[PDB]
Amino acid sequence: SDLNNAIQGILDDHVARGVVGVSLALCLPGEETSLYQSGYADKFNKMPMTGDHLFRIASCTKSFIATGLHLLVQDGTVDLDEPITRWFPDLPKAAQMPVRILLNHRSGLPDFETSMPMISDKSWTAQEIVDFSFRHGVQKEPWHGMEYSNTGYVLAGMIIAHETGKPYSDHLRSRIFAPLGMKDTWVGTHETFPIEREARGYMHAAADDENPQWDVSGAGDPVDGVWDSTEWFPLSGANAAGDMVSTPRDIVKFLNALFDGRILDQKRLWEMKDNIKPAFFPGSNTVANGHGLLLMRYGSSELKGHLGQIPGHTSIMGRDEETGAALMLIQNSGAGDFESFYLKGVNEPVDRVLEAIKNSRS
Ligand SMILES: N[C@@H](Cc1ccccc1)C(=O)O
Ligand SMILES: [Ba+2]
Ligand SMILES: [Ba+2]
Ligand SMILES: [Ba+2]
Ligand SMILES: [Ba+2]
């Protein structure tokens, strides 16, 4: 179709801007999921990007962790409004933190990401990350305002572990991946995924990478303007805040089932996508968030989903609630600065795709 050529062109043009490669899973109303790729999964071996290449989806992990927690609220063992002192009695301010505050980025919890070395071989535990956050981060008052929190989801992950007697991956696998037949999806803290299948991730030496968000000391020298950042950071360091590996195809399966009421009951789905307040994420299109989903605005269209940034893999997932269109776009190019083209520019082909869908629909 014409939409097919228009979408493929949008991807080609984005790769031609300097992006190494891009993989898209798009699902439209009345149609099967269609996959598109452009550019490379491996820059130096010139291996074409396929719809089978795996990516680190970074904080899109957070939508699955929120889902995991909402499922436990349904099981009846967790209450969104109960104080987390039940699980973390000695966590400062825990009494002023209901369970939901872990999911909505208004907890005021000290964060770890800006302090955590991206280049290491260090294995992390959940508690260790929490300790590291209170050591190096700044705590604000619960409900102070919106400030993106990774710590919140590490704590959510620990509630899941406590309430299920097992790693959070087992709960996510048994309750989300298996039922949906998501065969190309792993939780990197607790599970081994096959690296040979993973698209390589590239960090760009770029002029607009002025204020890097990560400690990337020890990168060594760039080859051909890039670093192969794929195995820089051990996923245990992101834990429940961003440790998942998946394909666009697998992600779009999840989005469809979530929004089609096939995972969470109506009330918990509503908590996730509809019980919203204003939200900000630097460089992004984010305008609001619920309890596990960001609302991201693209002109006259909006995605309910998430963004992901982990060295070299830059992802956008979401459902457009108006048209029923679901998507996951992941490029294997990135940088450190939130406002760098290689990070914030991922929003450009997403914007263009949504206006191409909209144009074929008029
Ligand atoms: N902050 C990243 C996820 C992440 C958390 C912690 C460490 C590394 C990566 C994101 O929003 O996608
Ligand atoms: Ba600087
Ligand atoms: Ba390493
Ligand atoms: Ba509109
Ligand atoms: Ba038209």
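Just so it is clear, the values below take in all heavy atoms, side chains as well, and ignore hydrogens, waters and symmetry mates. We count residues from 1, following the sequence as given. All ligand and atom numbering here is 1-based and tracks the order in the structure.
Set against the non-hydrogen atoms of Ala238, the atoms of ligand 1 under 4.0 Å away are 6 (C), 7 (C), 8 (C). Under a 4.0 Å criterion applied to the non-hydrogen atoms of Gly308, ligand 1 contributes the atoms 12 (O).
The protein non-hydrogen atom at the shortest distance from atom 2 (C) of ligand 1 is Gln309 O, 3.2 Å. Residue, atom and distance of the protein heavy atom nearest to atom 8 (C) of ligand 1 are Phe233 CE2, 3.6 Å. Remark: minimum distance from atom 5 (C) of ligand 1 to any protein heavy atom is reached at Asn150 OD1, 3.6 Å. The protein heavy-atom contact nearest to atom 6 (C) of ligand 1 is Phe112 CE1, 3.6 Å. For atom 9 (C) of ligand 1, the closest non-hydrogen atom on the protein side is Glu113 OE2, 3.4 Å.
Counting heavy-atom neighbours within 6.0 Å of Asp2 CG, excluding the residue itself, gives a total of 12 or less.
Considering both main-chain and side-chain atoms, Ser59 comes within under 3.5 Å of ligand 1 through a nitrogen or oxygen pair.
Residues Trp214 and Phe233 place their aromatic rings such that the two centres sit no closer than 6.0 Å. In this structure, the ring of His14 has its center less than 6.0 angstrom from the ring center of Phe341. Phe112 and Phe132 have their aromatic ring centers separated by at least 6.0 angstrom.
We find that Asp208 and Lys344 are not joined by a salt bridge, their nearest charged nitrogen and carboxylate oxygen being 4.0 Å or further apart.
The shell of residues lying under 4.0 angstrom from ligand 1, judged by heavy atoms, includes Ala58. At least one heavy atom of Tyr148 lies less than 4.0 angstrom from ligand 1.
Looking at every heavy atom in both residues, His306 comes nearest to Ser63 through CD2-OG, 3.6 Å.
Between the side chains of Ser340 and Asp209, not a single donor N or O lies within less than 3.5 Å of an accepting N or O.
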